[PDB]
Amino acid sequence: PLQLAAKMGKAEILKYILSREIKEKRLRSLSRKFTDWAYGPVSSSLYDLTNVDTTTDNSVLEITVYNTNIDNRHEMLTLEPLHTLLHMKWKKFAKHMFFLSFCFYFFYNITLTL
Amino acid sequence: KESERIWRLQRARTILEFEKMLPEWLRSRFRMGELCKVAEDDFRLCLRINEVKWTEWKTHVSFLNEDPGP
Amino acid sequence: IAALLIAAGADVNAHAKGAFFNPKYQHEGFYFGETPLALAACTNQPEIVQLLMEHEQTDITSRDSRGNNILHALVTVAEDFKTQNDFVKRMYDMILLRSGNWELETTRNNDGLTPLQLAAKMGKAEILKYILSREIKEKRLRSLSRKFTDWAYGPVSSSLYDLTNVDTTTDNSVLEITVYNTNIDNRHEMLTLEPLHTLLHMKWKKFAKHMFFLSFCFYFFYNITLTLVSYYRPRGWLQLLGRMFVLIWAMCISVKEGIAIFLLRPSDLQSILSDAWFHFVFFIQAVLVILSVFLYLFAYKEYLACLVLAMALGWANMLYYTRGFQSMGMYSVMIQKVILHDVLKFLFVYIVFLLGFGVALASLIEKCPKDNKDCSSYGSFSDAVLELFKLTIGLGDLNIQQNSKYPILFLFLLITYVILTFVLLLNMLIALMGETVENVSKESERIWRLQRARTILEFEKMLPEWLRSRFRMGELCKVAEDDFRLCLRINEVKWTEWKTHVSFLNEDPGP
Amino acid sequence: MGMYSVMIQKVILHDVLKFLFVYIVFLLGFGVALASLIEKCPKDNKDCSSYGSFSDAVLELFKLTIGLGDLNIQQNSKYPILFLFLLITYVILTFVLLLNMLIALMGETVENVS
Ligand SMILES: CCCCCCCC/C=C/CCCCCCCC(=O)O[C@@H](COC(=O)CCCCCCCCCCCCCCC)COP(=O)([O-])OCC[N+](C)(C)C
Ligand SMILES: CCCCCCCC/C=C/CCCCCCCC(=O)O[C@@H](COC(=O)CCCCCCCCCCCCCCC)COP(=O)([O-])OCC[N+](C)(C)C
């Protein structure tokens, strides 16, 4: 149902499930977001990444990005775990890979022209 | 106004394509840590996100760790 | 629980000097003042604050490891109305009134800054607006006020604004901090306050107008005589004064820009050259004239290039003085935003297309036959690039009978370049800078005033130790028997209050 | 036609005058800069360069701005690279920046006076 919400374009249901925090202690394993600590107006929350990170075949991030038969694709990537995950991926390995691809294609075009 | 998103959609597509280009090794660059919740087994993954807001002003009960920060 | 701990003997003056409490990236910590009283003030807990002030050992004037006090901490944690409420200003007012002394606002932290100066530096426009126009109705503590209503007759009231650390006469002042600093985004709205605006107005109408006009006239005459002595070169005893004045004024501009670049911070060099570009071009023009006469003194043939470049740059640099008038000032700053936002992107894409198509077209033409050299205009790479550039600007005649072995492909590439540049790139540029001038249409009455304020403050700093005795207004400010300091009379008209005037100071209105 | 006439009035006084002022400053500055880069014509020759005098250089820049004539870079300039650099700078400043910004500005004008 989480992957179905990602595929069908339901941004509100996906926003609820991804950031689902349950206050009561009788069933807290059903939560996906856990507040590690909150000191004043500063709180650190832990977001579960079971089927969200692109490491479990069909994941929420891959379904949200790669699929095309939706109109609200832009607003679904603005959620808390997906945005942050894309940021860290870009700042970890995607930046160097894109720069290397740019440099190799630029040199290939330059030497082909020459 | 419809340019800060579509460009980010293209950027996300390039990020995911570049990650798929990585082999079975060298992909051991997961998000953050292992400890996620109070469950005794299979902690899975986690992702620390910090938020600042000066409007709630409520007592924190759903907190998990007594010591803030690292 | 806090009351139970305090009544049992808790450490009120305890300092939470931990590393988490004093963050550096504002992402892993929360700074509140390193004091329980400062924490209660910053977390919108008024009852805890009032319970803490009246106590036998609470030190309101405590300074943490950063040198900050409770007013400094309230200034740092302050923000706009969107992110948080106005409780910080209310807490600032309550704590300042309960303390009932001027030692809280006159205490400098470990940065040489008062809480008023800290509010000016950090960009807190709401707190600065409260402090600058702080009027206290009660007579038990009225020396803590900064604005005093001299008189109010009907819907007309004359108020006196204190100018202790506001006017640019006490080294680091609120006006200089507000204008000269650059690491804020709300700089435009901070200069719209009551004392700062009026002070800038009177400074401009007193000495900055004549100084700007004199600088404009001197630079215009210098450029005119430089152009005249360079265009009328031999290729003159009475005409030697012009070139000597060119040399003297070029040296003066060179040393002025040199000393203005030497102390120039690397923070205003950020953004996109919106506050230091004219310094560089004036220095470049000055050293170009210097190098031109330097190579003219000896037998150097490469001296006219620097002189001609100096003429072109000098006549280009004359558009700086358009900021003196309002409408030309808007035109100049919109030139700035346009030429950096979308002219550069269009130039980058156009140059990529121009060089790619120029090197693609130059490869489709074979060598010229014997006794023939004008077979094709797209001969070399430079010739093809020049032909495409001439085609883009609408000059010349389109000739398709070149010496190309594949004329169909040559025409296809030519038409593709025509579409991509003339139909797509240039027209989209015209469409884009319409959006640009739409956004900067409203964001032009401020940035121009920021440039005007910078010129006013620079011109005032240019004045010597004398001749600066042109202070704002009068000496009498409040009822204090000693050290009346300065004042600034501002008249306001409003027909909505309709209240009895009690905080008035003088019974007789007017002069 | 009354709306057209009063909008002619506002346009020709608001932003046509500013564009004319800036363009004339650039035109005269670049015209007197280009006319100084060309030496005197040799013997039995008078059509060496179209940018002969100050008036000739100003007329050539004005003809270039309106799209008339043919661009000739083989003038009698001792520094042809600097001559071409100044010519291209004038092309950018007028044809790319000034005129197109004028078209963009009078759109805002006819929007307000609409
Ligand atoms: C929409 C379109 C508008 C324009 C868009 C841009 C188009 C740009 C495209 C321009 C290309 C135009 C043709 C280039 C010349 C080819 C022929 C030629 O003479 O080659 C010469 C090279 O020529 C140069 O290097 C020219 C000088 C620099 C050109 C770029 C100036 C940019 C100014 C930007 C200023 C800042 C921006 C301004 C605003 C802030 C070779 O030399 P020569 O003369 O053959 O002889 C050699 C000399 N010798 C014999 C002594 C050894
Ligand atoms: C985006 C671009 C568009 C245009 C933008 C503006 C560009 C303007 C730029 C124009 C310069 C163009 C070249 C100038 C001529 C050079 C050569 C020449 O003939 O020199 C002549 C000088 O020439 C003049 O003085 C011309 C007349 C005035 C020019 C300005 C008109 C402005 C009208 C504005 C109306 C109001 C506004 C309209 C709307 C309300 C010298 O004379 P001669 O002929 O050589 O012979 C001498 C005579 N004799 C032998 C008898 C002694």
For peptide C:302-311, how many partner chain Cβ atoms fall within 10 Å of a residue's Cβ, on average?
-> 4
Here, D:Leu28 and C:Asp374, labelled 7 Å along Cα→Cβ, have an inter-label distance in nm of 3.9
Let a ≥ b ≥ c be the square roots of the eigenvalues of the Cα gyration tensor of segment C:201-360; is it rounded (a/c under 1.5), or, if not, prolate (a/b larger than b/c) or oblate?
-> oblate
Whole-Hz Karplus couplings 3J(HN,Hα) for segment C:302-314, θ = phi - 60° and coefficients 6.51, -1.76, 1.60, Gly and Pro as x, run 8, 10, 6, 5, 5, 5, 5, 4, 5, 5, 5, 5, x
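If r is the Cβ-Cβ distance from C:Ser215 to C:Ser469 and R0 is 22 Å, what FRET efficiency results, to the nearest 0.05?
With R0 = 22 Å, the Cβ-Cβ based efficiency is 0.50.
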Karplus-derived HN-Hα couplings along segment C:151-159 (A = 6.51, B = -1.76, C = 1.60, θ = phi - 60°), whole Hz, x at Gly and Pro = 7, 8, 10, x, x, 9, 10, 10, 10
Which residues' amide hydrogens lie under 5 Å from the amide hydrogen of C:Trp151, considering only partners 5 or more residues apart or on another chain, with H built in the peptide plane?
-> C:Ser158, C:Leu505, C:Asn506
On alpha-carbon atoms, Rg over Rh for segment C:326-395 using Kirkwood Rh?
-> 1.26
By how many nm would the segment from D:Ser55 to D:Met3 lengthen if fully extended, with 0.36 nm per residue of separation less the alpha-carbon distance?
-> 14.8 nm
Once the Cβ-Cβ distance between C:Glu445 and C:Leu269 is put in as r, and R0 is 35 Å, what FRET efficiency do you end up with, to the nearest 0.05?
-> 0.85
Fully extended, how many nm does the chain gain between C:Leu476 and C:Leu424 (0.36 nm per residue separation, minus their Cα-Cα distance)?
-> 12.1 nm
Packing-based exposure ordering (other Cβ within 10 Å, fewest first) of C:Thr392, C:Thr500 = C:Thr500, C:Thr392
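In what sequence do C:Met462, C:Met334 fall when counting other Cβ within 10 Å, fewest first?
Going from least to most buried by this count: C:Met462, C:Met334.
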Read phi for every residue in segment C:459-464 and hand back ³J(HN,Hα) as whole Hz from Karplus 6.51 cos²θ - 1.76 cosθ + 1.60, θ = phi - 60°, with x for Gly and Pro.
-> 5, 5, 5, 5, 5, x
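What FRET efficiency comes out for the pair C:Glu302/D:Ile88, r = Cβ-Cβ distance, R0 = 22 Å, nearest 0.05?
Given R0 = 22 Å and the Cβ-Cβ separation, E is 0.60.
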Here the whole-number average of other chain Cβ atoms within 10 Å per Cβ of B:57-63 is 6
Of D:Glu108, C:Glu387, B:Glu19, how do they rank once you tally other Cβ atoms within 10 Å and put the fewest first?
-> D:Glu108, B:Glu19, C:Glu387
Amide hydrogen neighbours beyond the local backbone of A:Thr35, cut-off 5 Å, H modeled | A:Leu46
Hey, can you grab everything whose amide H is under 5 Å from the amide H of C:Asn68? Only 5+ residues off in sequence or another chain; H modelled, so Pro and N-termini drop out.
-> C:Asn110
Hits in segment C:422-457: amide N under 19 Å from the 7 Å Cα→Cβ extension of A:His74, namely C:432, C:435-436, C:439
Enter the mean number of other protein chain beta carbons within 10 Å of the beta carbon of each residue in D:93-106, as an integer.
-> 6
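Here, each number is a calculation from the coordinates, and none is a lab measurement. Ideal geometry is used to build each Cβ from the backbone, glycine not excepted, and the neighbour counts take in all protein chains shown.
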